[PDB]
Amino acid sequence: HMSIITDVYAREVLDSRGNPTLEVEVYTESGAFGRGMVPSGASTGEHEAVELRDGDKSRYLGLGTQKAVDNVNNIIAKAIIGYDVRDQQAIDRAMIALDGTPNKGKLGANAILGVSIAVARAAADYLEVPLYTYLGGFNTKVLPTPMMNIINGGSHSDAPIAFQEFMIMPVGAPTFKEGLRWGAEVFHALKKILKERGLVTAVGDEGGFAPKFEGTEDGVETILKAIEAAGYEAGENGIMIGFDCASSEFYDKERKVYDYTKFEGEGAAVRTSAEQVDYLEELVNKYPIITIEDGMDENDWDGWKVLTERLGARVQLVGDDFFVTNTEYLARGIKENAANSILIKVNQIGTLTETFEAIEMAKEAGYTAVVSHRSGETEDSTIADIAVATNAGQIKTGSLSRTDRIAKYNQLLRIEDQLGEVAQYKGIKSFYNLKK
């Protein structure tokens, strides 16, 4: 009776932006314990599982999570207490059924995920094994190649830049520990460069800069300078570059065009899907770009197909809002040859079970799974363990400042350290979707 869940308790806490979220605590009869904190996205995909907010404009601007917390304590708890802490799938399924809606809108995806994660961590604690081992079994070894959101554009930046994120990726590093150092050193060299230019070195939600660049090319060219300044190569043997275009954010839903004037000021390109592909292609041709996320709009299936046809053999194409970590959508992307990669955000779908189903479905189509943070993060580092548990090979968990990002990198350092000689780092070979 030691392994039986005796307590499931949620409380309201704050994410890395100072907005409410929640965490759940799970205890077994034996006293094994797990805590699950939930992240939150800024701009959420139209098709994401529902994150339940209170909507009370007198508390936290209506962003309270006390309703979700109540749901955990008064509904989910009664249903889950009594399960063996190790019956992850059964528990995730029970919560899905208990909610009864496809988008988890009754109990809230954040309520459900908090329990889902807390239960798993409690089970790992109960078995006295690392979380990546509990989740993945014995054959966990691959530290993920990180893509690091070093420069920001899009809505929040005031530079004339449409793309939300510009990342660097230490594909040439021998270990994760060294890749991490590479990234940090380039980050710090970038800061120095920005100061010398008289640009702002304060950071955005994910710990990167949003400097007033001349535009997209200036940003990318500035990153390459930082890379060289730090003493690294720009290419497959060193550090490569990637985008999160977040094109749904400037996709004119009515004109169904990609309106750059939105972020790059009037007189900027307005592109059709075709012209959108051409643009991305020009950039891939110009620079050492290894990956592009949401180059097309979450619902521009035709555009995705074309893009994947044109670039999918040269460049990784990651569906984020396109797939919302949902096997229903990924299964279709696969059938219709759209994208060759999926960004995995656990709170887009809401259970570890469904998250792991998405990761497995991806692998089996030859797609990479890039485990991701959200813009609103916590001190939790579960996605580091998910990345290694599944030997995913890649992770997107932020720039090299802010503990909401660094906590994941630190956890990956611990995991690499505990794995010792078994630890692997695939670098450029992470991209089995490009036959590397």
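Heads up: residue numbers just count along the shown sequence, starting at 1.
**Q** Taking the recorded C-alpha temperature factors, which stretch has the higher mean, 52-60 or 385-393?
**A** Taking the mean B-factor of the alpha carbons in each, 52-60 is higher.
**Q** Which has higher Cα B-factors on average according to the PDB entry: 247-255 or 145-153?
**A** It is 247-255.
**Q** Kindly indicate the residue among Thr175, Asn340, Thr291, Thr201 with the greatest C-alpha B-factor in the PDB record.
**A** Max CA B-factor in the entry, restricted to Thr175, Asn340, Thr291, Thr201: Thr201.
**Q** Out of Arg121, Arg93, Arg86, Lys262, which residue has the highest Cα temperature factor in the PDB record?
**A** Across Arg121, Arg93, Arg86, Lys262, the entry lists the biggest C-alpha B-factor for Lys262.
**Q** Consider only the C-alpha atoms of the modelled residues in this chain, order them by B-factor as the entry records it, and name the third containing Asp320: lowest, middle or highest.
**A** Tercile = middle for this residue's CA B-factor.
**Q** In terms of the CA temperature factor given in the entry, to which third of its chain does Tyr279 belong: lowest, middle or highest?
**A** Top third by C-alpha B-factor.
**Q** Going by the entry, which third of its chain does the Cα temperature factor of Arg271 land in?
**A** As the PDB entry reports it, the C-alpha B-factor of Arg271 lands in the highest third of its chain.
**Q** Looking at the C-alpha B-factor of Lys345, is it in the lowest, middle or highest third of its chain?
**A** Lowest third - that is where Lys345 ends up once the chain's C-alpha B-factors are sorted.
**Q** Please rank the C-alpha B-factors of the chain's modelled residues and tell me whether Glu421 sits in the lowest, middle or highest third.
**A** Its C-alpha B-factor, which the entry lists for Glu421, ranks in the highest third among residues of this chain.
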